[PDB]
């Protein structure tokens, strides 16, 4: 049974409320009240936070609550604390003794002002073209919160194939760094007037363009 759809990232400031959605189908979330939620911190195992849509196991604060409506379950965290910055997964019974996890939601608890990314875009090196390959290197640094959507364009049409993008890593200054790469053929690289790496962050796009 297909993944449950959660927003990729969401954010709220300390003391505020934020709700993470979790939409499935008639044969999972819309069928059963066995909907559960997990919290996972960097490098740690997940922690069990909600079951039966809104019950809490031992030692989980009442500021965590849930709800369910049609095929969508929700997790609601009121009075946000800093400990709450983590990834959150929903979890649902799918019938026939099968469980399914949702996609995961990065919750960032704002502790510093929004920082836009700065983008450096490198063309394929001359040496690499002589070896019959081509890689566009898109470097993304100094943003907060640590979430971006990267898109590539050949001239103006969007390029889907050959993209590889890292998951943002926390820098030393607690902003985030990420990289995207475009794998290309020397011939297709040379058949366009320009390529374009487009990073989106909190609804605003920084763009960098490179030409053969």
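Positions refer to the first chain, counted from 1.
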Of the three thirds of Cα B-factor ranks in this chain, residue 155 occupies the middle
Using the temperature factors of the C-alpha atoms in this entry, rank residue 168 within its chain: lowest, middle or highest third.
middle
Taking the C-alpha B-factors as the PDB entry records them, is residue 42 in the lowest, middle or highest third of its chain?
lowest
Assigned third (lowest, middle, highest) for the C-alpha B factor of residue 137
lowest
Considering only modelled residues of the same chain, in which third does the CA B-factor of residue 80 rank: lowest, middle or highest?
highest
